[PDB]
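Only one chain is shown below, in structure tokens, and it's the form deposited in one PDB entry.
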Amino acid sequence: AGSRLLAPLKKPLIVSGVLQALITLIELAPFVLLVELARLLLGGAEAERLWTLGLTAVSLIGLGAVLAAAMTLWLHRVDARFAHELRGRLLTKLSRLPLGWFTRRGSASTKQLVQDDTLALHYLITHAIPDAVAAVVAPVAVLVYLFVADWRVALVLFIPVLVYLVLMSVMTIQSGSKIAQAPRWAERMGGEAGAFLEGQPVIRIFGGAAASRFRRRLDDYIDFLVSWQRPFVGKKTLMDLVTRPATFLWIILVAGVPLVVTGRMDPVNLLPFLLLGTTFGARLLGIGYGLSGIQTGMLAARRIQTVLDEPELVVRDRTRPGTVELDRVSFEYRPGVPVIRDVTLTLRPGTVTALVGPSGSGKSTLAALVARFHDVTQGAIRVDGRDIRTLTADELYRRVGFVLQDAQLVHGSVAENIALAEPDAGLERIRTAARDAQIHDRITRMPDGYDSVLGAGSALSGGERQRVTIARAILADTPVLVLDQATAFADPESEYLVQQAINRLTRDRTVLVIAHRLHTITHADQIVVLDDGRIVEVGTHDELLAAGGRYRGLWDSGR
């Protein structure tokens, strides 16, 4: 599907082909004039004509160089703009795919798609058509001219041409499968490198470099690269030798010297072959080296278009405040593997709902379904009576705030992390949000204050980054708040303080709390026990204790 992706570039590509045909003819023009200059030199022409021909040939060389440079510059600008707009399209597309796409693919695959696949289209849309047009125009024009000159010496020029064609075909056939396998290997190596960098504590404690799968995969990938590039480079170098101007000149002279000797040919008739017979080999080698780039670009275009055609979280056209309802919701991350089984639940304003249960029961995925990171398999999730599939991302996420179980921080200042949902928020808002989340004092102790960057190696403790994300959710200030195991890394005192701050802030809001520390959720208006992906009992703390069910078992285990 590389024709559908590159359809916007039809007119530039056709224009580049036509202009390259003209530029190739202009670049061949000086050597015809040099052939005439040599013929006039042998005939002892007057200095005027010789100066005219020489100056015209030099000026035509300069003109051809300038035109080639201009076409290359224009075509590279066209390629850069196409890459930029295609990358923008890919970033727009990924912004509304299901999160399962990301979880299945990984960060390395996303990086490969957005950067390396778009970069792999460069040869196809910048050099391929010009190289093909040059490699067709120059050999054909030169060979017609030389056959008109002398067919006997022009026939031996087919020998290197036919050898080159056979080498090019064999190289393409031999390397076709390895080019297909190459992007998979690059994605695997990027993933292994990313895991090696991210899992450095695990690597250091458990086995170091020797036992790491990164080293084994690195060896396997170097083996693949050698098995790919050894015969490929061998064919590439043979093609360089066969098409080289020295080779053509030597073949021309081996054919012509025995003809000039013995009188079968006039030596003046060798001048076209000496001056033009060696010009078209490089243009042939251009496509010969380019056929791999064409395959790479077509495969990259296929991958890009396949991602652009992927089904996404479309906003339906169907089209109490603060209420979240789940109506017989079911969900499966993978087909035939249910994780949520016909869950019905209602969250109302001014109430706190505690969602508890065994680890792995499906609390985080229920929260992710409310976020519409995935679409429910059955049922519907309605916020203020409107199905979330009818809301836009902006409308949905202005209404529901989320503190996720993993405390993800972006590369930037602590202010930029706290103000992630509202980047144009005042520093006073950021400071009061941090004070509510019990992280203002720590930030004040940092060297740069609120401008200190949160990158790799400049991290915080687990509780501190958790409180940063809690401050982010506080600053977002949505009518509905979903707290996914927040305060899990918090000590009891800071946990109590941030919980009191949240209770003060979300007193009239809809709050969903996921907790394993059941002692922290005894004051909830409603407690929902999620076991094996379904709600098994609902009630208050005292009611669930008196019921003597799953909740009583978990409570007894906790004490």
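Numbers for residues come from their place in the sequence shown, where the first is 1. Here the rigid core means the biggest group of C-alpha atoms that line up within 1.5 Å when the two forms are laid on top of each other.
**Student:** Looking at the deposited sequence, how many residues between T237 and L238 were given no coordinates in the entry: none, 1 to 3, 4 to 9, or 10 or more?
**Tutor:** Unresolved stretch here: none.
A second form of this protein, the form deposited in another entry, is not displayed here; the remarks below concern that form.
**Student:** I want to make sure I read this right: if the two forms are fitted on their rigid core, which of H523, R507, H519, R49 has a C-alpha displacement of 2 angstroms or more between the shown form and the other one?
**Tutor:** With the rigid core superposed, the residue that stands out is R49.
**Student:** Superposing on the rigid core, I want to see if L63 changes position between the shown form and the other one - specifically a Cα shift of 2 Å or more.
**Tutor:** Yes, the C-alpha position differs by at least 2 Å between the shown form and the other one.
**Student:** After the core is matched up, is the C-alpha of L37 off by 2 Å or more between the shown form and the other one?
**Tutor:** The answer is yes, as the C-alpha of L37 shifts between the shown form and the other one by 2 Å or more after core alignment.
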